[PDB]
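Asker: I am attaching a structure below and will ask some questions about it afterwards.
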Amino acid sequence: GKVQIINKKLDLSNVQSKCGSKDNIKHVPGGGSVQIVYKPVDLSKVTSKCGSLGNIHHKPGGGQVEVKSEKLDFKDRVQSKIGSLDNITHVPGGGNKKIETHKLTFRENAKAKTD
Amino acid sequence: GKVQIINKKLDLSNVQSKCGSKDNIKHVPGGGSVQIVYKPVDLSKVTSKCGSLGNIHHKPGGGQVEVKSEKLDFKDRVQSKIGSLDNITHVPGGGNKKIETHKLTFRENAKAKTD
Amino acid sequence: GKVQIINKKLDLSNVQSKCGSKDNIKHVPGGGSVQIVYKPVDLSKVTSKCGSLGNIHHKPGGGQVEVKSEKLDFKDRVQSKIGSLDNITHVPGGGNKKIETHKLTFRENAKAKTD
Amino acid sequence: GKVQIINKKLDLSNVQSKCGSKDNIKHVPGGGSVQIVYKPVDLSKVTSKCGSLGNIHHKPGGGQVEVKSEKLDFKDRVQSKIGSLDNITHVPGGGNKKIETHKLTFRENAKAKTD
Amino acid sequence: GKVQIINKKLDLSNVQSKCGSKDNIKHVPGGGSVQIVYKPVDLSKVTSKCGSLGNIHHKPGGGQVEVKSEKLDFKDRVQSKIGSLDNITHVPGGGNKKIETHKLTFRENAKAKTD
């Protein structure tokens with residue numbers, strides 16, 4: 001008799017992974033200014049295969065953000081008067097039940113009964 | 001008799017991993033200023049294979065953020081008067097039940113009964 | 001008889017790992033200033049394989065943030081009057097039950113009964 | 001009879017590891033100043049394999065942050081008057097139960113009964 | 001009879017390790033100043049393998065932060081008047097139960113009963 005359960009070469013990478021973003025970006029120059037936010041997310045997969053005489057050239061590119069200003073001149077007065085930007089009055093209440101569950105199970109059961 | 005449970009070459013990397021971001025970015029220059037935020041996330045996989053005479057060139061690129069200003073001139077007065085930026089009045093209350101659960105189990109059971 | 005449970009070559013790296021970020025960035029130059037934040041996260045995997053006469057060149061690139069200013073001139077007065085930036089009045093209350101659970105179990109059970 | 005439980009070559013590095021960041025960065029130059037924050041996180045894996053006549057060149061790059069200013073001139077008066085930056089009045093209360101649990105178990109049970 | 005439990009070549013490095021950061025960085029130059037924070041975290045793994053005639057060149061790069069100023073001139077008066085930066089009034093209360101638990105167990109049980 002033979003009872004076999006064979007699992008091999010399973011790819012379960014990046015399961016239930018939180019790699020996002022949540023930003024509150026505000027920018028009030030009142031003049032000549034540059035603001036840059038650079039938050040890339042990469043979850044790709046690359047596979048290459050060769051045999052005997054081979055040659056693999058894996059040189060991928062990358063992101064490029066460039067800001068250039070050959071000339072910029074300001075004259076007379078530059079002013080910026082600010083009283084407030086964000087006025088928030090949040091008054092919550094009550095009993096809030098927040099439950100989160102993440103599960104990942106691998107259950108294997110084998111049994112052999114004979115005489 | 002033979003009861004076998006064979007598990008081999010399982011990839012379970014970066015499971016339930018929190019690698020995100022949560023920022024509150026504010027920038028009030030009132031003049032000539034540069035603000036840069038650089039938070040990249042990389043979770044990629046790269047595989048290369050060769051046999052006998054081979055050659056692998058793994059030279060990937062990278063992010064590039066550049067800011068250039070050949071000339072910038074300011075004249076007369078530059079002013080920036082600020083009273084407040086964020087006015088928040090948060091008054092929560094009550095009993096809040098926050099429960100989080102992350103699980104990852106590998107259960108294997110083998111049994112053989114005979115005479 | 002033979003009861004066997006064979007587990008080999010399992011990759012479970014970076015499981016339930018908290019490598020994120022949470023920042024509160026504020027910048028009020030009132031003039032010519034540069035602010036840079038550099039928080040990259042790298043969780044990638046790279047694999048290369050060769051046999052007999054081989055050559056592997058693993059020279060990946062890196063992030064590059066550059067700020068250049070050939071000329072910048074300020075004239076007359078530069079002023080920056082600030083009263084307040086953040087005004088927060090937080091008044092919570094009540095009994096809050098916060099429970100977090102992270103689990104990772106490997107249970108293997110083998111049994112053989114015979115005469 | 002033979003009851004065997006064989007576990008070999010298991011990779012469980014960096015499990016439930018807290019290597020993140022939590023910063024409160026504020027910068028109020030009132031003039032010409034540079035502020036740089038450099039907090040990179042690296043959790044990658046690199047594998048190379050060769051046999052007989054081989055050559056491995058593992059020279060990865062690194063992060064590079066550069067700030068350059070060929071010329072910067074200030075004239076007349078530069079002033080910066082500050083009353084306050086952060087005004088926080090936090091008044092919590094009540095009995096808060098905060099419980100955290102991290103577990104990692106390896107349970108193996110083998111038994112053989114015969115006559 | 002033979003009851004065997006064989007565990008070999010298990011990698012469990014950096015499990016439940018707290019190597020993060022928590023900073024409160026404030027910088028109020030009121031002039032020409034540079035502030036640099038350099039807190040990198042490295043938890044990577046590198047593996048190289050060769051046989052018989054071989055050559056391994058493991059020369060990875062490193063982080064590089066550079067600030068340069070060819071010329072910077074200040075004229076007339078430079079002033080910086082500060083009353084306060086952080087005004088915090090924290091009044092907590094009540095009985096707070098904070099419990100943390102980190103566990104890592106390796107339980108192996110073997111038993112053989114015969115006549």
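Chain labels A, B, ... are given in the sequence in which chains occur in the structure tokens; within each chain residues are numbered consecutively from 1, and ligands are likewise numbered from 1 in the order shown.
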Show me, as number ranges by chain, the residues that have an atom within 8 Å of residue 92 in chain A when counting only C-alpha atoms, minus same-chain residues fewer than 4 positions from it.
Answerer: B: 91-93
Asker: Write out, as an mmCIF file, in the first residue's frame, the residues just selected, with C-alpha atoms.
Answerer:
data_model
loop_
_atom_site.group_PDB
_atom_site.id
_atom_site.type_symbol
_atom_site.label_atom_id
_atom_site.label_comp_id
_atom_site.auth_asym_id
_atom_site.auth_seq_id
_atom_site.Cartn_x
_atom_site.Cartn_y
_atom_site.Cartn_z
ATOM 1 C CA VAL B 91 -12.977 64.593 21.674
ATOM 2 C CA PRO B 92 -13.610 60.824 21.418
ATOM 3 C CA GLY B 93 -15.209 58.620 24.053
#
Asker: Which residues come within 9 Å of range 65-78 of chain C, counting only C-alpha atoms, excluding same-chain residues fewer than 5 positions away, as a ChimeraX atom specification?
Answerer: /B:34,36,38,63-80 /C:30-32,34,36,38 /D:30-31,63-80
Asker: Superposition of chain C onto chain D by least squares over all sequentially paired C-alpha atoms; the transformed chain is requested as a PDB file with C-alpha atoms, in the first residue's frame.
Answerer:
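Result saved to selection.pdb:
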ATOM      1  CA  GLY C   1       9.213  -0.334  11.549  1.00  0.00           C
ATOM      2  CA  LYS C   2      10.334   3.288  10.951  1.00  0.00           C
ATOM      3  CA  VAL C   3       8.619   6.522  12.166  1.00  0.00           C
ATOM      4  CA  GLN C   4      10.649   9.536  10.951  1.00  0.00           C
ATOM      5  CA  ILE C   5      10.073  13.295  11.081  1.00  0.00           C
ATOM      6  CA  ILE C   6      12.832  15.066   9.140  1.00  0.00           C
ATOM      7  CA  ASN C   7      13.015  18.869   9.000  1.00  0.00           C
ATOM      8  CA  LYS C   8      16.050  20.440   7.339  1.00  0.00           C
ATOM      9  CA  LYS C   9      17.072  23.692   5.643  1.00  0.00           C
ATOM     10  CA  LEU C  10      14.293  25.935   6.974  1.00  0.00           C
ATOM     11  CA  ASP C  11      14.730  29.699   6.575  1.00  0.00           C
ATOM     12  CA  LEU C  12      12.794  31.700   9.174  1.00  0.00           C
ATOM     13  CA  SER C  13      14.909  34.854   9.453  1.00  0.00           C
ATOM     14  CA  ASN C  14      13.518  38.238  10.518  1.00  0.00           C
ATOM     15  CA  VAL C  15      10.202  36.822  11.756  1.00  0.00           C
ATOM     16  CA  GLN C  16       8.085  39.304  13.746  1.00  0.00           C
ATOM     17  CA  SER C  17      10.935  41.828  13.679  1.00  0.00           C
ATOM     18  CA  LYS C  18      10.080  45.501  14.253  1.00  0.00           C
ATOM     19  CA  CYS C  19      12.596  47.516  12.217  1.00  0.00           C
ATOM     20  CA  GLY C  20      10.398  50.462  11.202  1.00  0.00           C
ATOM     21  CA  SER C  21      10.529  54.121  12.149  1.00  0.00           C
ATOM     22  CA  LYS C  22       8.342  56.798  13.757  1.00  0.00           C
ATOM     23  CA  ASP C  23       9.682  60.354  13.548  1.00  0.00           C
ATOM     24  CA  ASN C  24       8.358  63.859  14.209  1.00  0.00           C
ATOM     25  CA  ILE C  25      10.554  66.055  12.004  1.00  0.00           C
ATOM     26  CA  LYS C  26      10.185  69.844  12.153  1.00  0.00           C
ATOM     27  CA  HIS C  27      12.489  72.386  10.500  1.00  0.00           C
ATOM     28  CA  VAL C  28      12.063  76.173  10.634  1.00  0.00           C
ATOM     29  CA  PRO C  29      15.214  77.661   9.039  1.00  0.00           C
ATOM     30  CA  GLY C  30      14.383  81.333   8.670  1.00  0.00           C
ATOM     31  CA  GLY C  31      17.373  81.482   6.349  1.00  0.00           C
ATOM     32  CA  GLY C  32      19.602  79.260   4.262  1.00  0.00           C
ATOM     33  CA  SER C  33      19.817  75.813   5.855  1.00  0.00           C
ATOM     34  CA  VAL C  34      19.852  72.133   4.883  1.00  0.00           C
ATOM     35  CA  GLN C  35      18.232  69.296   6.849  1.00  0.00           C
ATOM     36  CA  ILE C  36      18.773  65.674   5.795  1.00  0.00           C
ATOM     37  CA  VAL C  37      17.260  62.497   7.261  1.00  0.00           C
ATOM     38  CA  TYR C  38      18.798  59.192   6.138  1.00  0.00           C
ATOM     39  CA  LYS C  39      17.048  56.065   7.483  1.00  0.00           C
ATOM     40  CA  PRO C  40      17.177  53.239   4.925  1.00  0.00           C
ATOM     41  CA  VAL C  41      15.935  49.731   5.692  1.00  0.00           C
ATOM     42  CA  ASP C  42      17.441  46.720   3.898  1.00  0.00           C
ATOM     43  CA  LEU C  43      16.001  43.207   4.290  1.00  0.00           C
ATOM     44  CA  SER C  44      16.917  41.740   0.895  1.00  0.00           C
ATOM     45  CA  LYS C  45      18.572  38.402   0.118  1.00  0.00           C
ATOM     46  CA  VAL C  46      21.189  37.695  -2.564  1.00  0.00           C
ATOM     47  CA  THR C  47      22.343  34.231  -3.646  1.00  0.00           C
ATOM     48  CA  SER C  48      25.054  33.316  -6.162  1.00  0.00           C
ATOM     49  CA  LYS C  49      26.290  29.861  -7.150  1.00  0.00           C
ATOM     50  CA  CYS C  50      29.186  28.676  -9.316  1.00  0.00           C
ATOM     51  CA  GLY C  51      31.195  25.503  -9.853  1.00  0.00           C
ATOM     52  CA  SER C  52      34.740  24.674 -11.023  1.00  0.00           C
ATOM     53  CA  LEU C  53      36.334  27.674 -12.827  1.00  0.00           C
ATOM     54  CA  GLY C  54      34.178  30.604 -11.737  1.00  0.00           C
ATOM     55  CA  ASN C  55      34.177  34.334 -11.067  1.00  0.00           C
ATOM     56  CA  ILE C  56      31.694  36.256  -8.905  1.00  0.00           C
ATOM     57  CA  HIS C  57      31.754  40.065  -8.698  1.00  0.00           C
ATOM     58  CA  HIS C  58      29.347  41.196  -5.965  1.00  0.00           C
ATOM     59  CA  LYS C  59      29.702  44.994  -5.839  1.00  0.00           C
ATOM     60  CA  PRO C  60      26.241  46.516  -5.314  1.00  0.00           C
ATOM     61  CA  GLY C  61      25.757  50.265  -5.168  1.00  0.00           C
ATOM     62  CA  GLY C  62      24.553  52.449  -2.333  1.00  0.00           C
ATOM     63  CA  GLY C  63      22.365  55.437  -1.639  1.00  0.00           C
ATOM     64  CA  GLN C  64      23.752  58.868  -2.498  1.00  0.00           C
ATOM     65  CA  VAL C  65      22.294  62.172  -1.283  1.00  0.00           C
ATOM     66  CA  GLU C  66      24.189  65.296  -2.350  1.00  0.00           C
ATOM     67  CA  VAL C  67      23.429  68.997  -1.859  1.00  0.00           C
ATOM     68  CA  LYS C  68      25.539  71.609  -3.657  1.00  0.00           C
ATOM     69  CA  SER C  69      25.404  75.419  -3.705  1.00  0.00           C
ATOM     70  CA  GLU C  70      27.893  77.225  -5.939  1.00  0.00           C
ATOM     71  CA  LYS C  71      26.867  80.674  -4.674  1.00  0.00           C
ATOM     72  CA  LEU C  72      24.368  82.033  -2.141  1.00  0.00           C
ATOM     73  CA  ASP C  73      24.351  85.641  -0.917  1.00  0.00           C
ATOM     74  CA  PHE C  74      22.140  87.316   1.695  1.00  0.00           C
ATOM     75  CA  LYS C  75      21.707  91.082   2.018  1.00  0.00           C
ATOM     76  CA  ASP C  76      20.229  93.467   4.631  1.00  0.00           C
ATOM     77  CA  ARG C  77      18.521  91.856   7.666  1.00  0.00           C
ATOM     78  CA  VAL C  78      17.363  88.254   8.066  1.00  0.00           C
ATOM     79  CA  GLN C  79      14.908  87.783  10.934  1.00  0.00           C
ATOM     80  CA  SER C  80      12.866  84.912  12.384  1.00  0.00           C
ATOM     81  CA  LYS C  81      10.455  85.529  15.262  1.00  0.00           C
ATOM     82  CA  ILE C  82       8.705  82.467  16.715  1.00  0.00           C
ATOM     83  CA  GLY C  83       6.147  82.363  19.512  1.00  0.00           C
ATOM     84  CA  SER C  84       5.313  78.658  19.534  1.00  0.00           C
ATOM     85  CA  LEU C  85       5.426  75.650  17.226  1.00  0.00           C
ATOM     86  CA  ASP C  86       3.309  72.900  18.852  1.00  0.00           C
ATOM     87  CA  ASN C  87       0.532  73.495  21.401  1.00  0.00           C
ATOM     88  CA  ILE C  88      -0.940  70.165  22.531  1.00  0.00           C
ATOM     89  CA  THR C  89      -3.267  69.596  25.499  1.00  0.00           C
ATOM     90  CA  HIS C  90      -3.911  65.858  25.815  1.00  0.00           C
ATOM     91  CA  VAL C  91      -6.117  64.720  28.707  1.00  0.00           C
ATOM     92  CA  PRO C  92      -6.792  60.956  28.490  1.00  0.00           C
ATOM     93  CA  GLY C  93      -8.416  58.799  31.147  1.00  0.00           C
ATOM     94  CA  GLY C  94      -9.958  55.497  32.080  1.00  0.00           C
ATOM     95  CA  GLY C  95      -8.501  52.018  32.319  1.00  0.00           C
ATOM     96  CA  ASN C  96      -7.086  50.959  28.943  1.00  0.00           C
ATOM     97  CA  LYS C  97      -6.048  47.314  28.568  1.00  0.00           C
ATOM     98  CA  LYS C  98      -3.330  46.958  25.912  1.00  0.00           C
ATOM     99  CA  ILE C  99      -2.134  43.383  25.333  1.00  0.00           C
ATOM    100  CA  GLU C 100       0.266  42.205  22.616  1.00  0.00           C
ATOM    101  CA  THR C 101       1.275  38.600  21.933  1.00  0.00           C
ATOM    102  CA  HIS C 102       3.892  37.199  19.550  1.00  0.00           C
ATOM    103  CA  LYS C 103       4.291  33.424  19.354  1.00  0.00           C
ATOM    104  CA  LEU C 104       6.374  30.998  17.280  1.00  0.00           C
ATOM    105  CA  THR C 105       6.157  27.305  18.189  1.00  0.00           C
ATOM    106  CA  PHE C 106       7.598  24.115  16.675  1.00  0.00           C
ATOM    107  CA  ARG C 107       5.768  21.083  18.100  1.00  0.00           C
ATOM    108  CA  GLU C 108       6.734  17.616  16.840  1.00  0.00           C
ATOM    109  CA  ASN C 109       5.281  14.435  18.351  1.00  0.00           C
ATOM    110  CA  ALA C 110       6.247  10.904  17.300  1.00  0.00           C
ATOM    111  CA  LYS C 111       4.971   7.642  18.778  1.00  0.00           C
ATOM    112  CA  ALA C 112       5.216   3.980  17.755  1.00  0.00           C
ATOM    113  CA  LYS C 113       3.302   1.201  19.536  1.00  0.00           C
ATOM    114  CA  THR C 114       3.795  -2.452  18.591  1.00  0.00           C
ATOM    115  CA  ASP C 115       4.085  -5.951  20.028  1.00  0.00           C
TER     116      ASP C 115
END
Asker: Residues of range 9-86 of chain E in strand (DSSP E) according to DSSP, as a PyMOL selection string?
Answerer: chain E and resi 9-11+21-27+34-38+41-42+45-49+56-58+64-69+72-73+81-82+86
Asker: Go ahead and write the residues just picked, C-alpha atoms, as a PDB file, in the first residue's frame.
Answerer:
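Output below, filename selection.pdb:
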ATOM      1  CA  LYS E   9      20.292  23.513   9.383  1.00  0.00           C
ATOM      2  CA  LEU E  10      17.525  25.777  10.702  1.00  0.00           C
ATOM      3  CA  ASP E  11      17.981  29.536  10.284  1.00  0.00           C
ATOM      4  CA  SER E  21      13.902  54.009  15.726  1.00  0.00           C
ATOM      5  CA  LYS E  22      11.728  56.707  17.318  1.00  0.00           C
ATOM      6  CA  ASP E  23      13.087  60.253  17.090  1.00  0.00           C
ATOM      7  CA  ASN E  24      11.780  63.769  17.732  1.00  0.00           C
ATOM      8  CA  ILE E  25      13.987  65.942  15.516  1.00  0.00           C
ATOM      9  CA  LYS E  26      13.638  69.734  15.645  1.00  0.00           C
ATOM     10  CA  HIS E  27      15.956  72.255  13.978  1.00  0.00           C
ATOM     11  CA  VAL E  34      23.318  71.935   8.365  1.00  0.00           C
ATOM     12  CA  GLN E  35      21.683  69.117  10.346  1.00  0.00           C
ATOM     13  CA  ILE E  36      22.206  65.486   9.311  1.00  0.00           C
ATOM     14  CA  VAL E  37      20.676  62.325  10.794  1.00  0.00           C
ATOM     15  CA  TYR E  38      22.198  59.007   9.689  1.00  0.00           C
ATOM     16  CA  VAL E  41      19.287  49.557   9.293  1.00  0.00           C
ATOM     17  CA  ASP E  42      20.778  46.529   7.516  1.00  0.00           C
ATOM     18  CA  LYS E  45      21.868  38.186   3.781  1.00  0.00           C
ATOM     19  CA  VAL E  46      24.482  37.451   1.104  1.00  0.00           C
ATOM     20  CA  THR E  47      25.619  33.976   0.040  1.00  0.00           C
ATOM     21  CA  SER E  48      28.325  33.033  -2.471  1.00  0.00           C
ATOM     22  CA  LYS E  49      29.544  29.567  -3.440  1.00  0.00           C
ATOM     23  CA  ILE E  56      34.982  35.925  -5.228  1.00  0.00           C
ATOM     24  CA  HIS E  57      35.060  39.735  -5.041  1.00  0.00           C
ATOM     25  CA  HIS E  58      32.659  40.892  -2.314  1.00  0.00           C
ATOM     26  CA  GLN E  64      27.153  58.610   1.056  1.00  0.00           C
ATOM     27  CA  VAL E  65      25.711  61.929   2.253  1.00  0.00           C
ATOM     28  CA  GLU E  66      27.621  65.037   1.171  1.00  0.00           C
ATOM     29  CA  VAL E  67      26.880  68.744   1.641  1.00  0.00           C
ATOM     30  CA  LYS E  68      29.004  71.336  -0.170  1.00  0.00           C
ATOM     31  CA  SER E  69      28.888  75.146  -0.239  1.00  0.00           C
ATOM     32  CA  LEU E  72      27.885  81.774   1.290  1.00  0.00           C
ATOM     33  CA  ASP E  73      27.886  85.389   2.494  1.00  0.00           C
ATOM     34  CA  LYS E  81      13.987  85.434  18.670  1.00  0.00           C
ATOM     35  CA  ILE E  82      12.221  82.388  20.138  1.00  0.00           C
ATOM     36  CA  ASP E  86       6.776  72.860  22.326  1.00  0.00           C
TER      37      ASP E  86
END
